[PDB]
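K.L.:
Input model_4.cif, format and content: mmCIF, N, CA and C atoms.
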```
data_structure
#
loop_
_atom_site.group_PDB
_atom_site.id
_atom_site.type_symbol
_atom_site.label_atom_id
_atom_site.label_comp_id
_atom_site.auth_asym_id
_atom_site.auth_seq_id
_atom_site.Cartn_x
_atom_site.Cartn_y
_atom_site.Cartn_z
ATOM 1 N N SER A 9 -9.595 0.206 -5.738
ATOM 2 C CA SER A 9 -9.322 -1.190 -6.171
ATOM 3 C C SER A 9 -10.572 -1.840 -6.759
ATOM 4 N N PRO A 10 -10.773 -1.705 -8.081
ATOM 5 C CA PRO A 10 -11.922 -2.270 -8.769
ATOM 6 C C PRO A 10 -11.640 -3.658 -9.331
ATOM 7 N N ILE A 11 -12.531 -4.128 -10.196
ATOM 8 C CA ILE A 11 -12.383 -5.439 -10.811
ATOM 9 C C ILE A 11 -12.980 -5.454 -12.214
ATOM 10 N N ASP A 12 -12.345 -6.197 -13.113
ATOM 11 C CA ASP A 12 -12.814 -6.295 -14.492
ATOM 12 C C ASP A 12 -13.026 -7.754 -14.891
ATOM 13 N N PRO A 13 -14.260 -8.131 -15.272
ATOM 14 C CA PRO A 13 -14.565 -9.505 -15.678
ATOM 15 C C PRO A 13 -13.921 -9.855 -17.016
ATOM 16 N N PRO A 14 -13.751 -11.155 -17.298
ATOM 17 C CA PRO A 14 -13.140 -11.620 -18.547
ATOM 18 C C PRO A 14 -13.804 -11.017 -19.782
ATOM 19 N N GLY A 15 -13.210 -11.278 -20.941
ATOM 20 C CA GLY A 15 -13.737 -10.758 -22.191
ATOM 21 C C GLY A 15 -15.038 -11.417 -22.606
ATOM 22 N N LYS A 16 -15.739 -10.796 -23.553
ATOM 23 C CA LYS A 16 -17.004 -11.327 -24.046
ATOM 24 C C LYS A 16 -16.816 -12.748 -24.578
ATOM 25 N N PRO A 17 -17.577 -13.732 -24.061
ATOM 26 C CA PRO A 17 -17.463 -15.130 -24.504
ATOM 27 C C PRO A 17 -17.928 -15.332 -25.946
ATOM 28 N N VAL A 18 -17.128 -16.065 -26.721
ATOM 29 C CA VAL A 18 -17.449 -16.344 -28.119
ATOM 30 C C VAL A 18 -17.293 -17.836 -28.426
ATOM 31 N N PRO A 19 -18.386 -18.523 -28.810
ATOM 32 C CA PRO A 19 -18.348 -19.955 -29.114
ATOM 33 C C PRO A 19 -17.550 -20.296 -30.363
ATOM 34 N N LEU A 20 -16.591 -21.200 -30.200
ATOM 35 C CA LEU A 20 -15.770 -21.653 -31.312
ATOM 36 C C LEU A 20 -16.491 -22.798 -32.009
ATOM 37 N N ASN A 21 -17.241 -23.560 -31.215
ATOM 38 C CA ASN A 21 -18.014 -24.686 -31.717
ATOM 39 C C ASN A 21 -19.339 -24.761 -30.975
ATOM 40 N N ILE A 22 -20.387 -25.181 -31.664
ATOM 41 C CA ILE A 22 -21.696 -25.277 -31.044
ATOM 42 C C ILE A 22 -22.425 -26.545 -31.468
ATOM 43 N N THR A 23 -22.325 -27.573 -30.633
ATOM 44 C CA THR A 23 -22.971 -28.849 -30.909
ATOM 45 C C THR A 23 -24.416 -28.840 -30.423
ATOM 46 N N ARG A 24 -25.231 -29.703 -31.016
ATOM 47 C CA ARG A 24 -26.645 -29.800 -30.655
ATOM 48 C C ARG A 24 -26.843 -29.940 -29.145
ATOM 49 N N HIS A 25 -25.816 -30.404 -28.437
ATOM 50 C CA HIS A 25 -25.920 -30.579 -26.989
ATOM 51 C C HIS A 25 -24.652 -30.139 -26.260
ATOM 52 N N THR A 26 -23.757 -29.449 -26.956
ATOM 53 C CA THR A 26 -22.519 -28.989 -26.338
ATOM 54 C C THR A 26 -21.963 -27.765 -27.053
ATOM 55 N N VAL A 27 -22.096 -26.610 -26.413
ATOM 56 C CA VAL A 27 -21.606 -25.364 -26.980
ATOM 57 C C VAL A 27 -20.268 -24.976 -26.353
ATOM 58 N N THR A 28 -19.232 -24.926 -27.186
ATOM 59 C CA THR A 28 -17.883 -24.586 -26.738
ATOM 60 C C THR A 28 -17.555 -23.118 -27.001
ATOM 61 N N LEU A 29 -17.156 -22.397 -25.948
ATOM 62 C CA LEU A 29 -16.802 -20.992 -26.088
ATOM 63 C C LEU A 29 -15.577 -20.624 -25.263
ATOM 64 N N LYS A 30 -14.905 -19.578 -25.719
ATOM 65 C CA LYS A 30 -13.714 -19.061 -25.063
ATOM 66 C C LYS A 30 -13.800 -17.535 -24.999
ATOM 67 N N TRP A 31 -12.972 -16.919 -24.165
ATOM 68 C CA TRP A 31 -12.999 -15.470 -24.024
ATOM 69 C C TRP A 31 -11.603 -14.883 -23.856
ATOM 70 N N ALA A 32 -11.554 -13.575 -23.621
ATOM 71 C CA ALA A 32 -10.294 -12.872 -23.437
ATOM 72 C C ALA A 32 -10.021 -12.622 -21.959
ATOM 73 N N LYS A 33 -8.837 -13.004 -21.505
ATOM 74 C CA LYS A 33 -8.469 -12.814 -20.108
ATOM 75 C C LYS A 33 -8.517 -11.335 -19.730
ATOM 76 N N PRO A 34 -8.884 -11.031 -18.473
ATOM 77 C CA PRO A 34 -8.969 -9.650 -17.989
ATOM 78 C C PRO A 34 -7.691 -8.858 -18.242
ATOM 79 N N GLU A 35 -7.749 -7.552 -17.993
ATOM 80 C CA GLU A 35 -6.596 -6.682 -18.205
ATOM 81 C C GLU A 35 -6.196 -5.934 -16.930
ATOM 82 N N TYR A 36 -7.104 -5.853 -15.960
ATOM 83 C CA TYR A 36 -6.810 -5.155 -14.709
ATOM 84 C C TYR A 36 -7.093 -6.035 -13.495
ATOM 85 N N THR A 37 -8.370 -6.281 -13.221
ATOM 86 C CA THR A 37 -8.759 -7.107 -12.081
ATOM 87 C C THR A 37 -8.175 -6.558 -10.787
ATOM 88 N N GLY A 38 -8.314 -5.250 -10.581
ATOM 89 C CA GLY A 38 -7.794 -4.624 -9.375
ATOM 90 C C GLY A 38 -6.379 -5.075 -9.050
ATOM 91 N N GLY A 39 -6.273 -6.120 -8.235
ATOM 92 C CA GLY A 39 -4.981 -6.658 -7.859
ATOM 93 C C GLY A 39 -5.081 -8.153 -7.687
ATOM 94 N N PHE A 40 -5.871 -8.760 -8.564
ATOM 95 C CA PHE A 40 -6.117 -10.193 -8.534
ATOM 96 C C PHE A 40 -5.814 -10.830 -9.891
ATOM 97 N N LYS A 41 -6.013 -12.145 -9.987
ATOM 98 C CA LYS A 41 -5.762 -12.867 -11.235
ATOM 99 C C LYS A 41 -6.906 -13.823 -11.594
ATOM 100 N N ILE A 42 -7.934 -13.893 -10.749
ATOM 101 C CA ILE A 42 -9.070 -14.775 -11.000
ATOM 102 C C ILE A 42 -8.630 -16.235 -11.033
ATOM 103 N N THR A 43 -9.355 -17.087 -10.315
ATOM 104 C CA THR A 43 -9.034 -18.510 -10.262
ATOM 105 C C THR A 43 -10.260 -19.364 -10.577
ATOM 106 N N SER A 44 -11.050 -18.918 -11.548
ATOM 107 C CA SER A 44 -12.253 -19.636 -11.958
ATOM 108 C C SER A 44 -13.060 -18.810 -12.949
ATOM 109 N N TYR A 45 -13.515 -19.449 -14.022
ATOM 110 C CA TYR A 45 -14.296 -18.762 -15.037
ATOM 111 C C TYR A 45 -15.651 -19.428 -15.237
ATOM 112 N N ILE A 46 -16.615 -19.074 -14.393
ATOM 113 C CA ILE A 46 -17.952 -19.640 -14.497
ATOM 114 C C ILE A 46 -18.694 -19.035 -15.677
ATOM 115 N N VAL A 47 -19.760 -19.697 -16.100
ATOM 116 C CA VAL A 47 -20.552 -19.217 -17.220
ATOM 117 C C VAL A 47 -22.008 -19.655 -17.072
ATOM 118 N N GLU A 48 -22.915 -18.684 -17.144
ATOM 119 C CA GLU A 48 -24.340 -18.957 -17.016
ATOM 120 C C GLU A 48 -24.981 -19.160 -18.381
ATOM 121 N N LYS A 49 -25.853 -20.157 -18.470
ATOM 122 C CA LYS A 49 -26.538 -20.462 -19.717
ATOM 123 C C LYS A 49 -27.999 -20.041 -19.649
ATOM 124 N N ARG A 50 -28.509 -19.517 -20.757
ATOM 125 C CA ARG A 50 -29.895 -19.082 -20.823
ATOM 126 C C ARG A 50 -30.702 -19.991 -21.738
ATOM 127 N N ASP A 51 -31.683 -20.670 -21.158
ATOM 128 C CA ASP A 51 -32.535 -21.574 -21.915
ATOM 129 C C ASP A 51 -33.671 -20.799 -22.564
ATOM 130 N N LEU A 52 -33.411 -20.281 -23.755
ATOM 131 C CA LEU A 52 -34.404 -19.508 -24.487
ATOM 132 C C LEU A 52 -35.470 -20.416 -25.093
ATOM 133 N N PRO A 53 -36.689 -19.886 -25.328
ATOM 134 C CA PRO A 53 -37.041 -18.494 -25.044
ATOM 135 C C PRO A 53 -37.580 -18.291 -23.628
ATOM 136 N N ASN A 54 -37.062 -19.063 -22.674
ATOM 137 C CA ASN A 54 -37.503 -18.954 -21.285
ATOM 138 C C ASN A 54 -36.420 -19.436 -20.320
ATOM 139 N N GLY A 55 -35.291 -18.734 -20.303
ATOM 140 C CA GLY A 55 -34.197 -19.103 -19.422
ATOM 141 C C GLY A 55 -34.046 -18.146 -18.253
ATOM 142 N N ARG A 56 -32.889 -18.187 -17.595
ATOM 143 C CA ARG A 56 -32.631 -17.313 -16.454
ATOM 144 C C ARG A 56 -31.170 -17.382 -16.008
ATOM 145 N N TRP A 57 -30.271 -17.641 -16.954
ATOM 146 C CA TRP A 57 -28.841 -17.723 -16.667
ATOM 147 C C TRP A 57 -28.543 -18.689 -15.520
ATOM 148 N N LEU A 58 -27.937 -19.828 -15.840
ATOM 149 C CA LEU A 58 -27.600 -20.818 -14.822
ATOM 150 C C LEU A 58 -26.204 -21.397 -15.054
ATOM 151 N N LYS A 59 -25.310 -21.174 -14.093
ATOM 152 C CA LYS A 59 -23.942 -21.672 -14.186
ATOM 153 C C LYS A 59 -23.927 -23.174 -14.457
ATOM 154 N N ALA A 60 -23.856 -23.541 -15.732
ATOM 155 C CA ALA A 60 -23.833 -24.946 -16.123
ATOM 156 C C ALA A 60 -22.563 -25.632 -15.638
ATOM 157 N N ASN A 61 -21.422 -25.066 -16.010
ATOM 158 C CA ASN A 61 -20.133 -25.625 -15.615
ATOM 159 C C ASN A 61 -20.077 -25.875 -14.114
ATOM 160 N N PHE A 62 -19.320 -26.895 -13.722
ATOM 161 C CA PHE A 62 -19.172 -27.246 -12.316
ATOM 162 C C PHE A 62 -17.863 -27.988 -12.079
ATOM 163 N N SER A 63 -16.890 -27.764 -12.957
ATOM 164 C CA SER A 63 -15.592 -28.420 -12.836
ATOM 165 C C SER A 63 -14.466 -27.398 -12.749
ATOM 166 N N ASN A 64 -14.792 -26.202 -12.272
ATOM 167 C CA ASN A 64 -13.800 -25.141 -12.141
ATOM 168 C C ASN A 64 -13.131 -24.863 -13.483
ATOM 169 N N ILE A 65 -13.480 -23.735 -14.089
ATOM 170 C CA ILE A 65 -12.916 -23.354 -15.377
ATOM 171 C C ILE A 65 -11.756 -22.380 -15.192
ATOM 172 N N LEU A 66 -10.567 -22.928 -14.954
ATOM 173 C CA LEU A 66 -9.372 -22.115 -14.748
ATOM 174 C C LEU A 66 -8.889 -21.488 -16.052
ATOM 175 N N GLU A 67 -8.947 -22.254 -17.136
ATOM 176 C CA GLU A 67 -8.517 -21.763 -18.436
ATOM 177 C C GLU A 67 -9.692 -21.139 -19.178
ATOM 178 N N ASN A 68 -9.443 -20.029 -19.857
ATOM 179 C CA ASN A 68 -10.494 -19.347 -20.600
ATOM 180 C C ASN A 68 -10.873 -20.122 -21.855
ATOM 181 N N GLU A 69 -11.378 -21.329 -21.647
ATOM 182 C CA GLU A 69 -11.797 -22.201 -22.735
ATOM 183 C C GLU A 69 -12.615 -23.343 -22.160
ATOM 184 N N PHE A 70 -13.927 -23.150 -22.093
ATOM 185 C CA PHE A 70 -14.805 -24.168 -21.536
ATOM 186 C C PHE A 70 -15.940 -24.524 -22.490
ATOM 187 N N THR A 71 -16.599 -25.642 -22.204
ATOM 188 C CA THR A 71 -17.708 -26.111 -23.014
ATOM 189 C C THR A 71 -18.955 -26.299 -22.165
ATOM 190 N N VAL A 72 -20.017 -25.591 -22.523
ATOM 191 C CA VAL A 72 -21.266 -25.680 -21.787
ATOM 192 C C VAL A 72 -22.126 -26.828 -22.290
ATOM 193 N N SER A 73 -22.176 -27.895 -21.502
ATOM 194 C CA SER A 73 -22.959 -29.073 -21.850
ATOM 195 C C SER A 73 -24.299 -29.067 -21.119
ATOM 196 N N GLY A 74 -24.894 -30.244 -20.962
ATOM 197 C CA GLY A 74 -26.172 -30.338 -20.283
ATOM 198 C C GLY A 74 -27.253 -29.525 -20.969
ATOM 199 N N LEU A 75 -27.014 -29.165 -22.227
ATOM 200 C CA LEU A 75 -27.975 -28.383 -22.994
ATOM 201 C C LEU A 75 -29.064 -29.280 -23.572
ATOM 202 N N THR A 76 -29.789 -28.756 -24.550
ATOM 203 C CA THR A 76 -30.862 -29.505 -25.194
ATOM 204 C C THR A 76 -30.936 -29.165 -26.678
ATOM 205 N N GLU A 77 -31.468 -30.092 -27.464
ATOM 206 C CA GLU A 77 -31.598 -29.892 -28.902
ATOM 207 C C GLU A 77 -32.802 -29.013 -29.220
ATOM 208 N N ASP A 78 -32.781 -28.390 -30.393
ATOM 209 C CA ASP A 78 -33.872 -27.519 -30.813
ATOM 210 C C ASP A 78 -34.179 -26.483 -29.738
ATOM 211 N N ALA A 79 -33.143 -25.800 -29.268
ATOM 212 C CA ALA A 79 -33.306 -24.783 -28.238
ATOM 213 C C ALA A 79 -32.160 -23.782 -28.265
ATOM 214 N N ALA A 80 -32.500 -22.506 -28.389
ATOM 215 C CA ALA A 80 -31.498 -21.452 -28.418
ATOM 216 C C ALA A 80 -30.939 -21.213 -27.022
ATOM 217 N N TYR A 81 -29.620 -21.310 -26.891
ATOM 218 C CA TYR A 81 -28.970 -21.116 -25.600
ATOM 219 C C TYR A 81 -27.907 -20.025 -25.658
ATOM 220 N N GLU A 82 -27.989 -19.093 -24.715
ATOM 221 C CA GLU A 82 -27.030 -17.993 -24.624
ATOM 222 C C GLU A 82 -26.065 -18.270 -23.472
ATOM 223 N N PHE A 83 -24.820 -17.793 -23.555
ATOM 224 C CA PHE A 83 -23.866 -18.080 -22.461
ATOM 225 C C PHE A 83 -22.933 -16.918 -22.096
ATOM 226 N N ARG A 84 -23.021 -16.469 -20.839
ATOM 227 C CA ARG A 84 -22.162 -15.395 -20.330
ATOM 228 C C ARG A 84 -21.117 -15.989 -19.395
ATOM 229 N N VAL A 85 -20.038 -15.259 -19.128
ATOM 230 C CA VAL A 85 -19.002 -15.781 -18.236
ATOM 231 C C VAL A 85 -18.839 -14.932 -16.975
ATOM 232 N N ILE A 86 -19.266 -15.487 -15.845
ATOM 233 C CA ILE A 86 -19.141 -14.824 -14.567
ATOM 234 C C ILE A 86 -17.886 -15.363 -13.888
ATOM 235 N N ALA A 87 -17.116 -14.504 -13.235
ATOM 236 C CA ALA A 87 -15.894 -14.977 -12.590
ATOM 237 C C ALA A 87 -15.462 -14.095 -11.436
ATOM 238 N N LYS A 88 -14.982 -14.729 -10.372
ATOM 239 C CA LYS A 88 -14.516 -14.006 -9.198
ATOM 240 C C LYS A 88 -13.054 -13.609 -9.364
ATOM 241 N N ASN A 89 -12.476 -13.039 -8.314
ATOM 242 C CA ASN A 89 -11.084 -12.625 -8.351
ATOM 243 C C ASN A 89 -10.331 -13.145 -7.129
ATOM 244 N N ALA A 90 -9.007 -13.145 -7.216
ATOM 245 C CA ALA A 90 -8.152 -13.620 -6.125
ATOM 246 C C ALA A 90 -8.629 -13.122 -4.758
ATOM 247 N N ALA A 91 -9.309 -11.978 -4.740
ATOM 248 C CA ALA A 91 -9.797 -11.401 -3.491
ATOM 249 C C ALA A 91 -11.111 -12.029 -3.030
ATOM 250 N N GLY A 92 -11.815 -12.687 -3.941
ATOM 251 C CA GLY A 92 -13.074 -13.306 -3.587
ATOM 252 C C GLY A 92 -14.253 -12.596 -4.217
ATOM 253 N N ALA A 93 -14.047 -11.342 -4.615
ATOM 254 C CA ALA A 93 -15.107 -10.569 -5.242
ATOM 255 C C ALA A 93 -15.641 -11.314 -6.451
ATOM 256 N N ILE A 94 -16.779 -10.881 -6.968
ATOM 257 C CA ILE A 94 -17.369 -11.545 -8.118
ATOM 258 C C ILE A 94 -17.466 -10.634 -9.329
ATOM 259 N N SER A 95 -16.562 -10.835 -10.281
ATOM 260 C CA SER A 95 -16.569 -10.041 -11.500
ATOM 261 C C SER A 95 -17.874 -10.301 -12.257
ATOM 262 N N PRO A 96 -18.665 -9.243 -12.531
ATOM 263 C CA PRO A 96 -19.943 -9.363 -13.230
ATOM 264 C C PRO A 96 -19.887 -10.318 -14.418
ATOM 265 N N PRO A 97 -21.065 -10.769 -14.893
ATOM 266 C CA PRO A 97 -21.164 -11.696 -16.028
ATOM 267 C C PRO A 97 -20.647 -11.094 -17.325
ATOM 268 N N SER A 98 -19.869 -11.880 -18.058
ATOM 269 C CA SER A 98 -19.321 -11.434 -19.329
ATOM 270 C C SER A 98 -20.396 -11.523 -20.408
ATOM 271 N N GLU A 99 -20.644 -10.392 -21.084
ATOM 272 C CA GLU A 99 -21.659 -10.281 -22.153
ATOM 273 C C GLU A 99 -21.967 -11.620 -22.831
ATOM 274 N N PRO A 100 -23.078 -12.277 -22.435
ATOM 275 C CA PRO A 100 -23.493 -13.563 -22.990
ATOM 276 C C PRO A 100 -23.124 -13.754 -24.458
ATOM 277 N N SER A 101 -22.979 -15.017 -24.851
ATOM 278 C CA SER A 101 -22.643 -15.373 -26.220
ATOM 279 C C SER A 101 -23.916 -15.653 -26.994
ATOM 280 N N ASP A 102 -23.914 -15.264 -28.274
ATOM 281 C CA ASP A 102 -25.060 -15.454 -29.167
ATOM 282 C C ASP A 102 -25.814 -16.741 -28.859
ATOM 283 N N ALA A 103 -27.135 -16.656 -28.884
ATOM 284 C CA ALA A 103 -27.978 -17.804 -28.603
ATOM 285 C C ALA A 103 -28.000 -18.777 -29.777
ATOM 286 N N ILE A 104 -27.518 -19.991 -29.542
ATOM 287 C CA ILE A 104 -27.483 -21.015 -30.575
ATOM 288 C C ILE A 104 -28.605 -22.030 -30.385
ATOM 289 N N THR A 105 -29.435 -22.181 -31.412
ATOM 290 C CA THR A 105 -30.553 -23.118 -31.363
ATOM 291 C C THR A 105 -30.092 -24.506 -30.932
ATOM 292 N N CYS A 106 -28.819 -24.806 -31.168
ATOM 293 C CA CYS A 106 -28.265 -26.105 -30.805
ATOM 294 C C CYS A 106 -29.049 -27.221 -31.489
ATOM 295 N N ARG A 107 -29.250 -27.067 -32.794
ATOM 296 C CA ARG A 107 -29.987 -28.052 -33.579
ATOM 297 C C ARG A 107 -29.449 -28.152 -35.004
ATOM 298 N N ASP A 108 -29.109 -27.010 -35.583
ATOM 299 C CA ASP A 108 -28.584 -26.961 -36.948
ATOM 300 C C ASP A 108 -27.510 -28.015 -37.177
ATOM 301 N N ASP A 109 -26.844 -28.413 -36.106
ATOM 302 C CA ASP A 109 -25.796 -29.422 -36.194
ATOM 303 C C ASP A 109 -26.364 -30.812 -36.460
ATOM 304 N N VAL A 110 -27.681 -30.918 -36.445
ATOM 305 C CA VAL A 110 -28.350 -32.176 -36.699
ATOM 306 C C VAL A 110 -29.261 -32.051 -37.913
ATOM 307 N N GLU A 111 -29.312 -30.851 -38.503
ATOM 308 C CA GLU A 111 -30.148 -30.628 -39.670
ATOM 309 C C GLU A 111 -29.452 -29.732 -40.688
ATOM 310 N N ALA A 112 -28.937 -28.599 -40.222
ATOM 311 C CA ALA A 112 -28.246 -27.660 -41.100
ATOM 312 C C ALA A 112 -27.654 -26.499 -40.307
#
```
Render the structure in this file as structure tokens.
P.N.:
Amino acid sequence: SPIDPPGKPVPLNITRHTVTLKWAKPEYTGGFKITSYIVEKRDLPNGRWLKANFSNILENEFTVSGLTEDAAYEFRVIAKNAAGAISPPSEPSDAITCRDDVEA
């Protein structure tokens, strides 16, 4: 009885202070359905993955806020399963400077 984390997160929109990304729902998950889709953000060029979200991401469509301008931020999606286990982090999403939206 193994577990499979959600699909690789891909940002649909990336604001100077709010990066929106969604992913693909799991396909196996042992015998669970997952009841939360957390996501860690990396504050480049000196981050360390930190679950920004804190409002329970039930739907595979969340927005990572609390970011900063002129700073590349990467975002992976970590999520547990109905059993409580913790499905590894979903391959972080491309690091967005989160500034071009205010310049180009």
K.L.:
Calculated over all atoms listed in the file, which of the candidates A:87, A:110, A:32, A:103 has the smallest distance to residue 68 of chain A?
P.N.:
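For residue 68 of chain A, the nearest of the candidates is A:32.
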K.L.:
As a list in words, which residues of segment 66-112 of chain A does DSSP assign to strand (DSSP E)?
P.N.:
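Checking each residue of segment 66-112 of chain A, the strand (DSSP E) ones are residues 69, 70, 71, 72, 81, 82, 83, 84, 85, 86, 87, 88, 94, 95, 96, 97, 98, 99, 100, 101, 102, 103 and 104 of chain A.
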K.L.:
So, with all atoms listed in the file as the atoms that count, which of A:85, A:91, A:66, A:22 lies closest to residue 48 of chain A?
P.N.:
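Comparing A:85, A:91, A:66, A:22 against residue 48 of chain A, the winner is A:85.
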K.L.:
I'd like the neighbourhood of segment 11-21 of chain A as a PyMOL selection string, where a residue qualifies if any of its atoms comes within 7 Å (using all atoms listed in the file), though same-chain residues fewer than 5 positions away should be ignored.
P.N.:
chain A and resi 26-39+83-87+95-102
K.L.:
Store the residues of this selection in a file with N, CA and C atoms, as a CSV table (one decimal), in the frame of the given file.
P.N.:
```csv
chain,number,residue,atom,x,y,z
A,26,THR,N,-23.8,-29.4,-27.0
A,26,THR,CA,-22.5,-29.0,-26.3
A,26,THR,C,-22.0,-27.8,-27.1
A,27,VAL,N,-22.1,-26.6,-26.4
A,27,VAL,CA,-21.6,-25.4,-27.0
A,27,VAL,C,-20.3,-25.0,-26.4
A,28,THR,N,-19.2,-24.9,-27.2
A,28,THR,CA,-17.9,-24.6,-26.7
A,28,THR,C,-17.6,-23.1,-27.0
A,29,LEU,N,-17.2,-22.4,-25.9
A,29,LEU,CA,-16.8,-21.0,-26.1
A,29,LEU,C,-15.6,-20.6,-25.3
A,30,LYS,N,-14.9,-19.6,-25.7
A,30,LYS,CA,-13.7,-19.1,-25.1
A,30,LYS,C,-13.8,-17.5,-25.0
A,31,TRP,N,-13.0,-16.9,-24.2
A,31,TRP,CA,-13.0,-15.5,-24.0
A,31,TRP,C,-11.6,-14.9,-23.9
A,32,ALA,N,-11.6,-13.6,-23.6
A,32,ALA,CA,-10.3,-12.9,-23.4
A,32,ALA,C,-10.0,-12.6,-22.0
A,33,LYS,N,-8.8,-13.0,-21.5
A,33,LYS,CA,-8.5,-12.8,-20.1
A,33,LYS,C,-8.5,-11.3,-19.7
A,34,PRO,N,-8.9,-11.0,-18.5
A,34,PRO,CA,-9.0,-9.6,-18.0
A,34,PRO,C,-7.7,-8.9,-18.2
A,35,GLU,N,-7.7,-7.6,-18.0
A,35,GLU,CA,-6.6,-6.7,-18.2
A,35,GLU,C,-6.2,-5.9,-16.9
A,36,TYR,N,-7.1,-5.9,-16.0
A,36,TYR,CA,-6.8,-5.2,-14.7
A,36,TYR,C,-7.1,-6.0,-13.5
A,37,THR,N,-8.4,-6.3,-13.2
A,37,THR,CA,-8.8,-7.1,-12.1
A,37,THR,C,-8.2,-6.6,-10.8
A,38,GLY,N,-8.3,-5.2,-10.6
A,38,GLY,CA,-7.8,-4.6,-9.4
A,38,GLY,C,-6.4,-5.1,-9.0
A,39,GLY,N,-6.3,-6.1,-8.2
A,39,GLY,CA,-5.0,-6.7,-7.9
A,39,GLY,C,-5.1,-8.2,-7.7
A,83,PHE,N,-24.8,-17.8,-23.6
A,83,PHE,CA,-23.9,-18.1,-22.5
A,83,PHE,C,-22.9,-16.9,-22.1
A,84,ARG,N,-23.0,-16.5,-20.8
A,84,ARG,CA,-22.2,-15.4,-20.3
A,84,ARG,C,-21.1,-16.0,-19.4
A,85,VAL,N,-20.0,-15.3,-19.1
A,85,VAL,CA,-19.0,-15.8,-18.2
A,85,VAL,C,-18.8,-14.9,-17.0
A,86,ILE,N,-19.3,-15.5,-15.8
A,86,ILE,CA,-19.1,-14.8,-14.6
A,86,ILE,C,-17.9,-15.4,-13.9
A,87,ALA,N,-17.1,-14.5,-13.2
A,87,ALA,CA,-15.9,-15.0,-12.6
A,87,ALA,C,-15.5,-14.1,-11.4
A,95,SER,N,-16.6,-10.8,-10.3
A,95,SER,CA,-16.6,-10.0,-11.5
A,95,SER,C,-17.9,-10.3,-12.3
A,96,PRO,N,-18.7,-9.2,-12.5
A,96,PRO,CA,-19.9,-9.4,-13.2
A,96,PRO,C,-19.9,-10.3,-14.4
A,97,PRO,N,-21.1,-10.8,-14.9
A,97,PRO,CA,-21.2,-11.7,-16.0
A,97,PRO,C,-20.6,-11.1,-17.3
A,98,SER,N,-19.9,-11.9,-18.1
A,98,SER,CA,-19.3,-11.4,-19.3
A,98,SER,C,-20.4,-11.5,-20.4
A,99,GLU,N,-20.6,-10.4,-21.1
A,99,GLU,CA,-21.7,-10.3,-22.2
A,99,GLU,C,-22.0,-11.6,-22.8
A,100,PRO,N,-23.1,-12.3,-22.4
A,100,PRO,CA,-23.5,-13.6,-23.0
A,100,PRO,C,-23.1,-13.8,-24.5
A,101,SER,N,-23.0,-15.0,-24.9
A,101,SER,CA,-22.6,-15.4,-26.2
A,101,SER,C,-23.9,-15.7,-27.0
A,102,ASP,N,-23.9,-15.3,-28.3
A,102,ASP,CA,-25.1,-15.5,-29.2
A,102,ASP,C,-25.8,-16.7,-28.9
```
K.L.:
With only N, CA and C atoms counted, which protein, DNA or RNA residues have an atom no more than 6.5 Å from (-9.4, -18.6, -10.4) in the file frame? Please answer as a PyMOL selection string.
P.N.:
chain A and resi 41-45+66+88-90
K.L.:
Taking (-35.8, -26.5, -28.3) in the file's coordinates, which residues come within 8 Å, counting only N, CA and C atoms, written as a PyMOL selection string?
P.N.:
chain A and resi 52-53+76-80+105-107
K.L.:
Quick one: pull the distance between atom CA of residue 92 of chain A and atom CA of residue 55 of chain A, Å, one decimal.
P.N.:
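The value is 27.0 Å.
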K.L.:
If DSSP is run on the backbone, what residues of chain A are alpha helix (DSSP H)? A reply as a CSV table (one decimal) with N, CA and C atoms, in the coordinates of the input would be ideal.
P.N.:
```csv
chain,number,residue,atom,x,y,z
A,108,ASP,N,-29.1,-27.0,-35.6
A,108,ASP,CA,-28.6,-27.0,-36.9
A,108,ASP,C,-27.5,-28.0,-37.2
A,109,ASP,N,-26.8,-28.4,-36.1
A,109,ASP,CA,-25.8,-29.4,-36.2
A,109,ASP,C,-26.4,-30.8,-36.5
A,110,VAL,N,-27.7,-30.9,-36.4
A,110,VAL,CA,-28.4,-32.2,-36.7
A,110,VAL,C,-29.3,-32.1,-37.9
A,111,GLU,N,-29.3,-30.9,-38.5
A,111,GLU,CA,-30.1,-30.6,-39.7
A,111,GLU,C,-29.5,-29.7,-40.7
```
K.L.:
Report as a PyMOL selection string the full result of the PyMOL selection byres ((chain A and resi 61) around 6.5) when it is applied to this structure.
P.N.:
chain A and resi 46-47+58-60+62-64+72-73
K.L.:
Quick one: pull the distance between atom N of residue 56 of chain A and atom N of residue 23 of chain A, Å, one decimal.
P.N.:
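Taking atom N of residue 56 of chain A and atom N of residue 23 of chain A, their separation equals 19.2 Å.
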K.L.:
Using only the atoms of segment 44-62 of chain A listed in the file, plus 5 Å on each side, state the axis-aligned box centre and edge lengths in Å rounded to one decimal, as lines of an AutoDock Vina configuration file.
P.N.:
```
center_x = -24.3
center_y = -22.7
center_z = -18.4
size_x = 36.5
size_y = 20.7
size_z = 23.8
```
K.L.:
Have a look at atom C of residue 25 of chain A and atom C of residue 112 of chain A and let me know their distance in Å, one decimal.
P.N.:
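If I compute the distance from atom C of residue 25 of chain A to atom C of residue 112 of chain A, I get 14.8 Å.
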